[PDB]
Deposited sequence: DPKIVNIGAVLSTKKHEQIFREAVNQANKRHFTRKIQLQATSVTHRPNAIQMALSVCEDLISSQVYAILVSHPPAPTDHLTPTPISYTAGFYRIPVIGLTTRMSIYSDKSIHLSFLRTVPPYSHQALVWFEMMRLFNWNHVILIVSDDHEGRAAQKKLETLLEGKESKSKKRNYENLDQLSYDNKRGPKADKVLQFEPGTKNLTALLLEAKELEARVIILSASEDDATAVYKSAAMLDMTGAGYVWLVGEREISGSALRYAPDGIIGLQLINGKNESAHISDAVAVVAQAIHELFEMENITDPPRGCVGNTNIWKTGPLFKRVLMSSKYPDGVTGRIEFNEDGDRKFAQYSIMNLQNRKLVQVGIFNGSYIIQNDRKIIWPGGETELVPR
């Protein structure tokens, strides 16, 4: 008889719950499970945060889960991160790209198989070296996300340089005063970090100040080429799309494989204690929680469905892959891929705002 080790999950639907149950079954099939054997425990998202936090306790911590997988529903991973964090039970974010989850003070035992939006700076930087854009203008929203992209790009630049950084208040509709400042500058490569609705305001203002045409380059992320941001986006823009970023099925598959490997590596060590059985009356942390975090943080899974899985110093996915998207005749056209470390251009030619610079 082996020792049954539970793995938790907060997933979108019953289909995804079934995918998780199958991934744990496959983990039991491929691993040596005479000593320890995994068991899938899962739920879907609750209507509100208080209800979600209570479900984590009643449905998952009651089953002594060693880790909890979390996707975005069809309402964020925060009440799960907080509840599991109380006990130092690791949480694996499957689809959240908000940089806030990279903050160790707030998200104490949190890792993710998807990178934060701020990590798109890694692609922009490689794009800058490739096309020899040594002088750029960075336009960011004055929110956490905008500042996260700015700090990440600055870290890489400190070769190519950011001539100026311009911040705007999220929700501002008239950005003509901000863009007039950028127009005065010698640099004609503009990098944007804004949400879907804030990018729309930038594009509209930019077009009116005739900055969306020949001579200019617009280098943007995923959020700024989604929903409404695309309706008013200038032709010629270069944006990014995280390959499999929204595939919950692929991320369950990869997160389960990583966790399965880490559990087995953990049980190669001594004095491994079980997590608490439920929340009621338990106010101490899981003594093995921090060791389990360290084992996960340093796990490498090279043959993942979403690529090479490794985590950084904040437990954010490393070696993520992106589609380099280009808006040609109001259509998003894939012009290349960022394979995890390198830019690969395909045979589809880039069309810059107007023609070719």
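S.K.: Tell me, which runs of residues in the deposited sequence have no coordinates at all?
M.R.: Those parts of the chain that were deposited but carry no coordinates are 75 to 79, 164 to 186, 386 to 390.
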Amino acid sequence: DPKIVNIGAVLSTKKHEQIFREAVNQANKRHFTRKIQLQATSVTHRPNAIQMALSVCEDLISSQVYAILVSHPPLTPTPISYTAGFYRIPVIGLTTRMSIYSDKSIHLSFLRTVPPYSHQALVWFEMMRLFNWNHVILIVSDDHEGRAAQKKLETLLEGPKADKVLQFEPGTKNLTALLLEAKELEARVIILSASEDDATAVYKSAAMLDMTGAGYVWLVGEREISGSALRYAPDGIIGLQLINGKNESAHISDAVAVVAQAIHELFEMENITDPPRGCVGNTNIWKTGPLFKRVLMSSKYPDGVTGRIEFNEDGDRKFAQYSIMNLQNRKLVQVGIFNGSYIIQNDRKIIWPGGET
From here on, numbers count along this sequence of modelled residues.
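Only the largest set of C-alpha atoms that superpose within 1.5 Å between the two forms is called the rigid core.
S.K.: After a rigid core fit, does 257 to 265 or 99 to 107 show more C-alpha displacement in 8 other deposited structures of this protein?
M.R.: Comparing 99 to 107 with 257 to 265, the one that moves more in 8 other deposited structures of this protein is 99 to 107.
S.K.: When the other structures are laid on this one by the rigid core, do the CA atoms of 179 to 187 or of 76 to 84 sit farther away in 8 other deposited structures of this protein?
M.R.: Comparing 179 to 187 with 76 to 84, the larger C-alpha deviation in 8 other deposited structures of this protein belongs to 179 to 187.
S.K.: Can you let me know which of the two, 295 to 303 or 315 to 323, has the higher average C-alpha B-factor in the entry?
M.R.: Going by the record's values, the stretch with the higher mean is 295 to 303.
S.K.: Higher mean Cα B-factor in the deposited model: 76 to 84 or 203 to 211?
M.R.: The stretch with the larger mean CA B-factor is 203 to 211.
S.K.: Given 254, 222, 248, 184, identify the residue with the highest C-alpha B factor in the PDB entry.
M.R.: Across 254, 222, 248, 184, the entry lists the biggest C-alpha B-factor for 184.
S.K.: In the PDB entry, which of 149, 258, 128, 243 has its C-alpha at the highest B-factor?
M.R.: Going by the entry's C-alpha B-factors, 128 comes out highest.
S.K.: Is residue 287 in the lowest, middle or highest third of its chain when residues are ranked by C-alpha B-factor?
M.R.: Within its chain, residue 287 is a middle-third residue by C-alpha B-factor, going by the deposited values.
S.K.: Taking the C-alpha B-factors as the PDB entry records them, is residue 238 in the lowest, middle or highest third of its chain?
M.R.: CA B-factor rank for residue 238: middle third.
S.K.: What third of its chain's C-alpha B-factors does residue 278 belong to: lowest, middle or highest?
M.R.: According to the entry, residue 278 has a C-alpha B-factor in the chain's middle third.
S.K.: Could you place residue 110 in the lowest, middle or highest third of its chain by Cα temperature factor, using the values in the record?
M.R.: Its C-alpha B-factor belongs to the lowest third of this chain's values.
S.K.: Comparing residue 140 with the other modelled residues of its chain, is its CA B-factor in the lowest, middle or highest third?
M.R.: It belongs to the middle third of the chain when residues are ordered by C-alpha B-factor.
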